[PDB]
Structure formats: C-alpha cells, structure tokens
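> My structure is in structure-v9.cif, and what it holds is mmCIF, C-alpha atoms:
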```cif
data_protein
loop_
_atom_site.label_atom_id
_atom_site.label_comp_id
_atom_site.auth_asym_id
_atom_site.auth_seq_id
_atom_site.Cartn_x
_atom_site.Cartn_y
_atom_site.Cartn_z
CA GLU A 1 74.26 120.86 85.29
CA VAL A 2 76.48 121.61 88.27
CA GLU A 3 74.30 119.66 90.71
CA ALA A 4 74.27 116.66 88.39
CA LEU A 5 78.06 116.84 88.02
CA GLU A 6 78.37 117.04 91.80
CA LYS A 7 76.56 113.69 91.94
CA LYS A 8 78.79 112.08 89.28
CA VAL A 9 81.90 113.29 91.11
CA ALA A 10 80.59 111.94 94.42
CA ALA A 11 79.88 108.56 92.79
CA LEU A 12 83.44 108.56 91.45
CA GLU A 13 84.85 109.40 94.90
CA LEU A 14 83.01 106.42 96.41
CA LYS A 15 84.19 104.07 93.65
CA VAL A 16 87.79 105.26 94.02
CA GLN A 17 87.63 104.78 97.80
CA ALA A 18 86.37 101.22 97.31
CA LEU A 19 89.10 100.50 94.74
CA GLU A 20 91.73 101.90 97.11
CA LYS A 21 90.59 99.53 99.88
CA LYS A 22 90.72 96.51 97.57
CA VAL A 23 94.11 97.39 96.08
CA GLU A 24 95.68 98.00 99.50
CA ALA A 25 94.36 94.60 100.62
CA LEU A 26 95.87 92.96 97.54
CA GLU A 27 99.24 94.63 97.86
CA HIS A 28 99.56 94.14 101.65
CA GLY A 29 98.01 90.65 101.70
CA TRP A 30 95.35 91.58 104.27
CA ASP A 31 93.53 88.55 105.74
CA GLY A 32 95.29 86.47 103.09
CA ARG A 33 93.73 88.38 100.18
CA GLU B 1 83.91 125.20 81.84
CA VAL B 2 81.03 122.85 82.56
CA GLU B 3 81.35 121.04 79.22
CA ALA B 4 85.08 120.56 79.75
CA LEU B 5 84.46 119.22 83.27
CA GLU B 6 81.84 116.86 81.85
CA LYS B 7 84.60 115.42 79.64
CA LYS B 8 87.07 115.05 82.54
CA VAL B 9 84.41 113.31 84.63
CA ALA B 10 83.56 110.96 81.76
CA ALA B 11 87.25 110.11 81.31
CA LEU B 12 87.43 109.36 85.04
CA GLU B 13 84.34 107.13 84.84
CA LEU B 14 85.95 105.09 82.05
CA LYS B 15 89.24 104.76 83.95
CA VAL B 16 87.43 103.70 87.13
CA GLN B 17 85.41 101.11 85.19
CA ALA B 18 88.63 99.69 83.72
CA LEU B 19 90.28 99.60 87.16
CA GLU B 20 87.23 97.86 88.62
CA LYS B 21 87.45 95.12 85.97
CA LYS B 22 91.15 94.56 86.63
CA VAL B 23 90.80 94.54 90.42
CA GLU B 24 87.87 92.11 90.34
CA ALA B 25 89.94 89.80 88.12
CA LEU B 26 92.84 89.99 90.56
CA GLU B 27 90.75 89.37 93.65
CA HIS B 28 88.65 86.56 92.12
CA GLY B 29 91.51 84.97 90.16
CA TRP B 30 89.69 85.15 86.82
CA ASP B 31 91.36 83.09 84.05
CA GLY B 32 94.27 82.62 86.46
CA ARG B 33 94.99 86.36 86.73
CA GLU C 1 81.04 125.85 92.58
CA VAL C 2 82.89 125.17 89.34
CA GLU C 3 86.31 125.94 90.84
CA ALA C 4 85.62 123.64 93.78
CA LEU C 5 84.50 120.87 91.42
CA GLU C 6 87.66 121.39 89.38
CA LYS C 7 89.61 120.61 92.55
CA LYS C 8 87.58 117.47 93.34
CA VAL C 9 88.05 116.23 89.78
CA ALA C 10 91.80 116.89 89.95
CA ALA C 11 92.01 114.97 93.24
CA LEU C 12 90.16 112.09 91.58
CA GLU C 13 92.54 112.15 88.59
CA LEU C 14 95.54 111.85 90.93
CA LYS C 15 93.95 109.00 92.90
CA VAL C 16 93.06 107.14 89.69
CA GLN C 17 96.61 107.58 88.38
CA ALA C 18 98.00 106.15 91.62
CA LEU C 19 95.56 103.22 91.48
CA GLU C 20 96.51 102.55 87.87
CA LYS C 21 100.20 102.33 88.81
CA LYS C 22 99.50 99.91 91.66
CA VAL C 23 97.17 97.69 89.62
CA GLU C 24 99.59 97.49 86.69
CA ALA C 25 102.34 96.46 89.14
CA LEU C 26 100.09 93.77 90.59
CA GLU C 27 98.98 92.38 87.26
CA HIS C 28 102.45 92.46 85.64
CA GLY C 29 104.35 91.38 88.78
CA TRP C 30 106.69 94.38 88.73
CA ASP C 31 109.67 94.04 91.11
CA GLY C 32 107.94 90.94 92.48
CA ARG C 33 104.83 92.86 93.61
#
```
Could you render the structure from this file as structure tokens?


Amino acid sequence: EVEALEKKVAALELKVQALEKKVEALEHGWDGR
Amino acid sequence: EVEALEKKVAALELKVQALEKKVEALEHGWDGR
Amino acid sequence: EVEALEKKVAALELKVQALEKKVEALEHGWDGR
C-alpha cells in the first residue's frame, strides 16, 4: 500500500509542477502566452 | 492512517484534474475562455 | 514512511490551494488579472 501511494503522490507532484509552470506563464505573459 | 491518506490523495487527484481542465481552457482559449 | 508521506501530501495540498487561487483569478479576471 505505501509503495503504491508513494507512486500516486509522485504523479501528483509532477502534475502540480506542470500546472505551476503553465499558470506562471499565463499570469506573467511569458512568450506572449 | 493509510486509508485516510488514500482519501487525501484521491481528493488531490480530483482537484488536480479540475485545475488541468481549467488551465487547458485558458491556454487554448476554449469557448472564448 | 507514513509520516513522511503525510508531509508530501500536505505540501501538495498547499500547492493545489495556491494554484486554485491563481486560476480562479485568471478565469474571473480578479483585480484585472
């Protein structure tokens, strides 16, 4: 159970990181995004 | 503990999914969003 | 392991909350954002 939850948490961390990059681009207007 | 963490991770997965939909709409301009 | 995963899940919850605030500001146009 713990090892499987470790994987789900890691997948969440990667998705959050990707969302953070997109939102920062939107709010700062990076490269005209 | 594990069962409670399973619930918190599931709630995170749903919130991330909802954020992903909103951000994709913003960056692609879906339906004029 | 469980205590460390509790911390990673809490960090995710805070990052998701912060993303939610930013995305809602972008989609509603709060304060001209």

> Could you list, as a list in words, every residue of chain B that has an atom within 10 Å of an atom of chain A, counting all atoms listed in the file?

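Residues passing the distance filter: residues 2, 3, 5, 6, 9, 10, 12, 13, 16, 17, 19, 20, 23, 24, 26, 27 and 28 of chain B.
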
> In Å, how far is it from CA of residue 32 in chain B to CA of residue 32 in chain C?

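It comes out at 17.1 Å.
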
> At what distance in Å, to one decimal, does CA of residue 14 in chain C lie from CA of residue 29 in chain B?

27.2 Å

> Find the axis-aligned box for range 3-17 of chain A, covering all its listed atoms and adding 5 Å on each side, and write its centre and edge lengths in Å to one decimal as JSON.


```
{"center_x": 81.0, "center_y": 111.9, "center_z": 92.9, "size_x": 23.5, "size_y": 25.6, "size_z": 19.8}
```
